[PDB]
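Engineer: Please find the sequence and an experimentally derived structure below.
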Protein chains: 2
Amino acid sequence: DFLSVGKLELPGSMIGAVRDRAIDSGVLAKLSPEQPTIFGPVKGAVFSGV
Amino acid sequence: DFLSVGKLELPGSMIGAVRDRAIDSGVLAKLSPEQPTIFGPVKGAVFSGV
């Protein structure tokens, strides 16, 4: 029997907070550029083929 | 019959001590830098997912 370290219960040390994985914002912004418009339903014309 | 190197005893020569194959120090010293901390437990919090 003796005096141990567990009886002093030193808190220890904290590394800190860090993300598990790098956040994936998502594509669809690299393929097609954004087209910011005023609020309201948008509509246009589509013409395909010859 | 004659006087030989026998009946006498020569010590010889020592070519010094050496070791077979170089020692293998741990790899973790290369792959990752050491982070010295004060004695005690080491905690860490990670926030996961979006």
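Structural biologist: Thanks, I have the structure now. Numbering: from 1, shown residues only, chains lettered A, B, ... in the order given.
Engineer: And the helices in chain A?
Structural biologist: In chain A, no helices are defined using DSSP state H.
Engineer: Would you mind listing what in it touches chain B?
Structural biologist: A:10-21, A:23-24 (C-beta under 8 Å from any C-beta of the partner chain). Placement of C-beta: from N, CA and C, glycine included.
Engineer: For those residues, pick the one with the most neighbours.
Structural biologist: residue A:13 (14 neighbours; other C-beta atoms under 10 Å in any protein chain shown).
Engineer: in chain A, which spans are strands?
Structural biologist: A:13-19 (DSSP state E).
Engineer: which residue is nearest the middle of it?
Structural biologist: Against the mean C-alpha coordinate of chain A, by C-alpha atoms, centre = their mean, the closest residue is residue A:23 at 3.2 Å.
Engineer: Could you check what's spatially nearest to that residue, not counting adjacent residues?
Structural biologist: residue B:50 (6.1 Å; C-beta to C-beta, 6 or more residues apart in numbering or on different chains).
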